[PDB]
There are 2 protein chains.
Amino acid sequence: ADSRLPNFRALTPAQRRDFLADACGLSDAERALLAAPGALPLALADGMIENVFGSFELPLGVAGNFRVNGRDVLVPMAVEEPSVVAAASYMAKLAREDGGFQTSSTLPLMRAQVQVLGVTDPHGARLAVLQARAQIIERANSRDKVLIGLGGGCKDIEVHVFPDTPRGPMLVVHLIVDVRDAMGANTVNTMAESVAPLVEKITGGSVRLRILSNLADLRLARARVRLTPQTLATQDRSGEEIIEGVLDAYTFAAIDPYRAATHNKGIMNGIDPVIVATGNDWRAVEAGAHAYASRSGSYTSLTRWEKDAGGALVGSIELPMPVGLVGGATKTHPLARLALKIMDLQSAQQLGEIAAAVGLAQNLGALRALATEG
Amino acid sequence: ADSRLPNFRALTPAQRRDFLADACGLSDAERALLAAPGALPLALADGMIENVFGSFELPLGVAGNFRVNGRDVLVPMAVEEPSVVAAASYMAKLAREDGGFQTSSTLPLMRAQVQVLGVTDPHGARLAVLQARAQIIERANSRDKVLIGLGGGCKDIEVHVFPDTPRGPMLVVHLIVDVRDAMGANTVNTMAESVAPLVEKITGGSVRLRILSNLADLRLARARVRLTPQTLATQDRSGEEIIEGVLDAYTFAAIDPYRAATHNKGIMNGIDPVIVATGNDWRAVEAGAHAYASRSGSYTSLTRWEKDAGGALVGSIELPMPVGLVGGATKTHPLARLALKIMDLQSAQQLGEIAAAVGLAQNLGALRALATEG
């Protein structure tokens, strides 16, 4: 596995495709899928969304040089904006000098909210629900033996109480569900529906919404990169000076929401195209990322940029990453399946980690460029 | 202009395309563009982003029944998720009973940030900059006579001071620029570069970042809808009961960020596909929307749902809407140009208003469904 892309700026799209096909060991059928338009026939698209009358193409590029937890990975990106793919590739190249990106993940835990109205003693009812947690978990897991056998399923519950609202008290049960390699929305929505009668019995209330939370802060991807001054040095600027410029740009985003919005937008320039190319739901990843960015009480940067004790630049990111390898468009779209093969993905967690590293690299590309522009 | 889509569930994609082509008076060439895949030849895609090796298709559907400020509009949506296009169409149908959606916009004002370091008297330097505002505005406008002649250009400046940061004091000049029908990023970035030497002279400091803000809170789209109880009544439920359920769901999103993230995600299910189909930058619209959602100190709902004095349900939305009709992918992508024709757009402002109405309708579809699910 080798993600270096020698001379890709000079190759034609056909030559880039043949190189990738060779590098990833794509079959002759998969190579054909890419060499002609229409990999998603309208008959397939017609079953994906409603009122289909055609298809809409995004350019599909590949970012090179990425290395994550010691393994090279080629990264397909479906996006319309110039500079994005080249900046990701270049920052990944610089990151190779320290051995690449280092990533980790929490378990793939999604929240399902069960909203209960009509309970006049919600704090006491919360204790009753928590006392019955084992029964509620068993009820949540009773319909999905396949997920259970994989090691997934509902693992825990939380209860949150909003005692004073314009609509009366609300008690909200969260089912915490390990969804393995799925995005998980339909799985956790169904579990929420399954536990509603039991929650109504325990609380005496009336269940209304039964729905996942897109603030997927129990399903986090993490990525870290370190670049020495010599790695960052250019003909015109020392690496030391570039590092100080990156730190000035980062602190600006940390203290000013007007800058943080642009700073985080740059991150999603890297993340969203990977999400789109793998057939995943880019609205869910956007909502989770930007909502997480405001968890402190102010909308701020999703990344951190620092200097370690020896003076090297260190970047880090932590953000919700609800993505899947199965289900939805990732199953039906022939090119989405091809994207997973190009990336050689083993789990949704791994896809989330690679995406977080691409977002971190994209952020660096923007900060480094903005700080070295004359 | 008529946006009703009779029997579209029963038609094939080819029949839907021929209907739309007839309804919008599409040319025979435009009809051909839609009837075969590959409306974006790789040679065109190769000039849009880097390392192009192919293209990636999204399903392209049309949401029907939308009526905005008294004018019917057909709405193309590029997205991968089921239920989205049908829910938007259905809620637009219900909105027709009150005459459709009512929308408005601010002027198309974008912020460019000019970050100044090294100023030890930033509050005093801010007064010096504000005193020189006329000179700075004239300097910002000196290179873009075409934009000026259209009525655009830099109209005002603000100065914000961060006197105590881990990197020293920062003084940030905002150029407030009317960008007419462009998204505006490259226009305002260039103006920021043009005023940097003058800002350095006035302040004695050193300009670092010169870059637009994606928190485009001076470029707002607004949309409102009203639905009576009889309009919302179903076979199984009174309109009165459905309205109370929508209000319960809305208040949940207003007080709980875990719900607000899902609630706002549903809005972007409506907005982003329009943005993608018109060749616009969906990361910019996402960043602006979700950052605006946290402006109060908590991440909360972008919409408001209320009951008016007679008992009708009233929904409203206000959010940044940086979009364009010219430049970027909206010029190069043949289907993006076709999307603008289908929508018959007269200004970027109008596109922003239609998108905000689609987001409001999409939100209602989710709240109404979640509240009427048994």
# chains A, B, ... in the order shown; residues from 1 in each chain; ligands from 1
call {"tool": "select_by_dssp", "arguments": {"residues": "region 191-265 of chain B", "states": "helix (DSSP H, G or I)", "output": "ChimeraX atom specification"}}
result
/B:191-203,229-232,239-255,257-265
call {"tool": "select_by_dssp", "arguments": {"residues": "region 160-344 of chain A", "states": "strand (DSSP E or B)", "output": "number ranges by chain"}}
result
A: 160-162, 170-178, 182, 206-212, 220-227, 303-307, 313-320, 326
call {"tool": "write_last_selection", "arguments": {"atoms": "C-alpha atoms", "output": "PDB file, in the first residue's frame"}}
result
ATOM      1  CA  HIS A 160     -32.062  14.069  31.102  1.00  0.00           C
ATOM      2  CA  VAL A 161     -34.754  16.222  32.691  1.00  0.00           C
ATOM      3  CA  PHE A 162     -35.958  19.658  31.528  1.00  0.00           C
ATOM      4  CA  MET A 170     -39.831  16.909  29.535  1.00  0.00           C
ATOM      5  CA  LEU A 171     -37.965  13.738  30.443  1.00  0.00           C
ATOM      6  CA  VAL A 172     -35.598  12.459  27.718  1.00  0.00           C
ATOM      7  CA  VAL A 173     -34.147   8.936  27.754  1.00  0.00           C
ATOM      8  CA  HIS A 174     -31.019   8.425  25.645  1.00  0.00           C
ATOM      9  CA  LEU A 175     -30.338   4.918  24.401  1.00  0.00           C
ATOM     10  CA  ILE A 176     -26.577   4.552  23.901  1.00  0.00           C
ATOM     11  CA  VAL A 177     -26.155   2.012  21.074  1.00  0.00           C
ATOM     12  CA  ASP A 178     -23.066   0.433  19.522  1.00  0.00           C
ATOM     13  CA  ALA A 182     -23.451   1.265  10.171  1.00  0.00           C
ATOM     14  CA  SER A 206     -46.556   9.894  26.956  1.00  0.00           C
ATOM     15  CA  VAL A 207     -43.688   9.314  24.503  1.00  0.00           C
ATOM     16  CA  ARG A 208     -43.495  11.753  21.599  1.00  0.00           C
ATOM     17  CA  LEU A 209     -40.239  11.962  19.607  1.00  0.00           C
ATOM     18  CA  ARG A 210     -38.262   8.715  19.178  1.00  0.00           C
ATOM     19  CA  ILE A 211     -35.244   9.734  17.133  1.00  0.00           C
ATOM     20  CA  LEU A 212     -31.459   9.677  16.967  1.00  0.00           C
ATOM     21  CA  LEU A 220     -15.642  10.621  18.245  1.00  0.00           C
ATOM     22  CA  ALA A 221     -12.748  10.423  15.807  1.00  0.00           C
ATOM     23  CA  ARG A 222      -9.361  11.837  16.828  1.00  0.00           C
ATOM     24  CA  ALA A 223      -6.339  12.752  14.704  1.00  0.00           C
ATOM     25  CA  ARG A 224      -2.924  14.213  15.491  1.00  0.00           C
ATOM     26  CA  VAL A 225       0.006  15.367  13.355  1.00  0.00           C
ATOM     27  CA  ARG A 226       3.477  16.669  14.219  1.00  0.00           C
ATOM     28  CA  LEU A 227       5.705  18.708  11.856  1.00  0.00           C
ATOM     29  CA  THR A 303      -8.746  21.844  15.893  1.00  0.00           C
ATOM     30  CA  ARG A 304      -5.899  22.786  18.205  1.00  0.00           C
ATOM     31  CA  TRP A 305      -2.462  23.903  16.990  1.00  0.00           C
ATOM     32  CA  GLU A 306       0.425  24.028  19.462  1.00  0.00           C
ATOM     33  CA  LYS A 307       4.196  23.845  19.759  1.00  0.00           C
ATOM     34  CA  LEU A 313       4.122  22.190  15.365  1.00  0.00           C
ATOM     35  CA  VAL A 314       1.465  19.799  16.730  1.00  0.00           C
ATOM     36  CA  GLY A 315      -2.108  19.721  15.422  1.00  0.00           C
ATOM     37  CA  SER A 316      -5.035  17.808  16.815  1.00  0.00           C
ATOM     38  CA  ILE A 317      -8.719  17.336  16.105  1.00  0.00           C
ATOM     39  CA  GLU A 318     -11.578  15.602  17.883  1.00  0.00           C
ATOM     40  CA  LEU A 319     -15.078  15.534  16.431  1.00  0.00           C
ATOM     41  CA  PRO A 320     -18.189  13.344  16.035  1.00  0.00           C
ATOM     42  CA  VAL A 326     -22.910  -0.569   4.980  1.00  0.00           C
TER      43      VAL A 326
END
call {"tool": "closest_residue", "arguments": {"among": "B:247, B:340, B:335, B:215", "to": "residue 288 (chain B)", "atoms": "only C-alpha atoms"}}
result
B:215
call {"tool": "closest_residue", "arguments": {"among": "A:293, A:325, A:348, A:129", "to": "chain B", "atoms": "only C-alpha atoms"}}
result
A:293
call {"tool": "residues_around", "arguments": {"residues": "residue 134 (chain A)", "least_positions_apart": "5", "cutoff": "12 Å", "atoms": "only C-alpha atoms", "output": "PyMOL selection string"}}
result
chain A and resi 128-129+139-141+154-157+175+195+198
call {"tool": "closest_residue", "arguments": {"among": "A:232, A:34, A:29, A:309", "to": "chain B", "atoms": "only C-alpha atoms"}}
result
A:34
call {"tool": "residues_around", "arguments": {"residues": "residue 59 (chain A)", "least_positions_apart": "3", "cutoff": "7 Å", "atoms": "only C-alpha atoms", "output": "list in words"}}
result
residues 78, 79 and 80 of chain A; 45, 49, 52, 54, 55 and 56 of chain B
call {"tool": "residues_around", "arguments": {"residues": "residue 246 (chain A)", "least_positions_apart": "3", "cutoff": "8 Å", "atoms": "only C-alpha atoms", "output": "PDB file with C-alpha atoms, in the first residue's frame"}}
result
ATOM      1  CA  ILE A 242       5.754  29.461   9.440  1.00  0.00           C
ATOM      2  CA  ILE A 243       4.950  27.739  12.748  1.00  0.00           C
ATOM      3  CA  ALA A 249      -3.969  32.031  12.772  1.00  0.00           C
ATOM      4  CA  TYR A 250      -5.171  29.304  15.153  1.00  0.00           C
ATOM      5  CA  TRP A 305      -2.462  23.903  16.990  1.00  0.00           C
ATOM      6  CA  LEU A 364      -3.194  23.110   8.117  1.00  0.00           C
ATOM      7  CA  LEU A 367      -3.506  28.190   7.945  1.00  0.00           C
ATOM      8  CA  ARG A 368      -0.075  27.690   6.384  1.00  0.00           C
ATOM      9  CA  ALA A 371       0.130  32.891   6.985  1.00  0.00           C
TER      10      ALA A 371
END
call {"tool": "residues_around", "arguments": {"residues": "region 118-127 of chain A", "least_positions_apart": "4", "cutoff": "7 Å", "atoms": "only C-alpha atoms", "output": "list in words"}}
result
residues 131, 159, 161, 163, 169, 171, 203, 204, 205 and 206 of chain A
call {"tool": "write_last_selection", "arguments": {"atoms": "N, CA, C and O atoms", "output": "mmCIF file, in the first residue's frame"}}
result
data_model
loop_
_atom_site.group_PDB
_atom_site.id
_atom_site.type_symbol
_atom_site.label_atom_id
_atom_site.label_comp_id
_atom_site.auth_asym_id
_atom_site.auth_seq_id
_atom_site.Cartn_x
_atom_site.Cartn_y
_atom_site.Cartn_z
ATOM 1 N N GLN A 131 -33.366 2.900 37.504
ATOM 2 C CA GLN A 131 -33.424 1.640 38.237
ATOM 3 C C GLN A 131 -33.765 0.483 37.303
ATOM 4 O O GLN A 131 -33.269 -0.635 37.493
ATOM 5 N N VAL A 159 -30.645 9.586 31.300
ATOM 6 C CA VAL A 159 -31.917 10.288 31.386
ATOM 7 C C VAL A 159 -31.631 11.746 31.695
ATOM 8 O O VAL A 159 -30.886 12.053 32.634
ATOM 9 N N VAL A 161 -33.494 15.654 32.236
ATOM 10 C CA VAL A 161 -34.754 16.222 32.691
ATOM 11 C C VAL A 161 -34.710 17.721 32.428
ATOM 12 O O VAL A 161 -33.727 18.386 32.771
ATOM 13 N N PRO A 163 -37.126 20.407 33.554
ATOM 14 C CA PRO A 163 -38.331 20.501 34.395
ATOM 15 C C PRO A 163 -39.223 21.687 34.082
ATOM 16 O O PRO A 163 -40.399 21.666 34.465
ATOM 17 N N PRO A 169 -42.942 20.043 31.584
ATOM 18 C CA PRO A 169 -41.728 19.253 31.839
ATOM 19 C C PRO A 169 -41.506 18.207 30.762
ATOM 20 O O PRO A 169 -42.451 17.624 30.234
ATOM 21 N N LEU A 171 -38.951 14.728 30.045
ATOM 22 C CA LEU A 171 -37.965 13.738 30.443
ATOM 23 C C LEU A 171 -37.480 13.032 29.180
ATOM 24 O O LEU A 171 -38.297 12.530 28.411
ATOM 25 N N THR A 203 -42.796 5.574 33.567
ATOM 26 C CA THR A 203 -42.902 6.990 33.904
ATOM 27 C C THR A 203 -44.331 7.470 34.066
ATOM 28 O O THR A 203 -44.546 8.536 34.658
ATOM 29 N N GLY A 204 -45.307 6.727 33.551
ATOM 30 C CA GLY A 204 -46.660 7.227 33.455
ATOM 31 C C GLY A 204 -46.864 8.335 32.443
ATOM 32 O O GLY A 204 -47.967 8.891 32.377
ATOM 33 N N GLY A 205 -45.848 8.678 31.648
ATOM 34 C CA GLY A 205 -45.944 9.757 30.690
ATOM 35 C C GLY A 205 -46.288 9.262 29.296
ATOM 36 O O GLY A 205 -46.625 8.099 29.073
ATOM 37 N N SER A 206 -46.202 10.177 28.340
ATOM 38 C CA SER A 206 -46.556 9.894 26.956
ATOM 39 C C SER A 206 -45.349 10.182 26.073
ATOM 40 O O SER A 206 -44.855 11.314 26.053
#
call {"tool": "closest_residue", "arguments": {"among": "B:75, B:150, B:275, B:284", "to": "chain A", "atoms": "only C-alpha atoms"}}
result
B:284
call {"tool": "residues_around", "arguments": {"residues": "region 239-241 of chain A", "least_positions_apart": "4", "cutoff": "6 Å", "atoms": "only C-alpha atoms", "output": "count of residues only"}}
result
4
call {"tool": "closest_residue", "arguments": {"among": "A:264, A:214, A:238, A:115", "to": "residue 282 (chain A)", "atoms": "only C-alpha atoms"}}
result
A:214
call {"tool": "atom_distance", "arguments": {"atom1": "CA of residue 166 (chain A)", "atom2": "CA of residue 290 (chain B)"}}
result
24.0 Å
call {"tool": "atom_distance", "arguments": {"atom1": "CA of residue 20 (chain B)", "atom2": "CA of residue 342 (chain B)"}}
result
8.0 Å
call {"tool": "closest_residue", "arguments": {"among": "B:187, B:37, B:300, B:133", "to": "residue 258 (chain B)", "atoms": "only C-alpha atoms"}}
result
B:300
call {"tool": "atom_distance", "arguments": {"atom1": "CA of residue 152 (chain A)", "atom2": "CA of residue 373 (chain B)"}}
result
26.4 Å
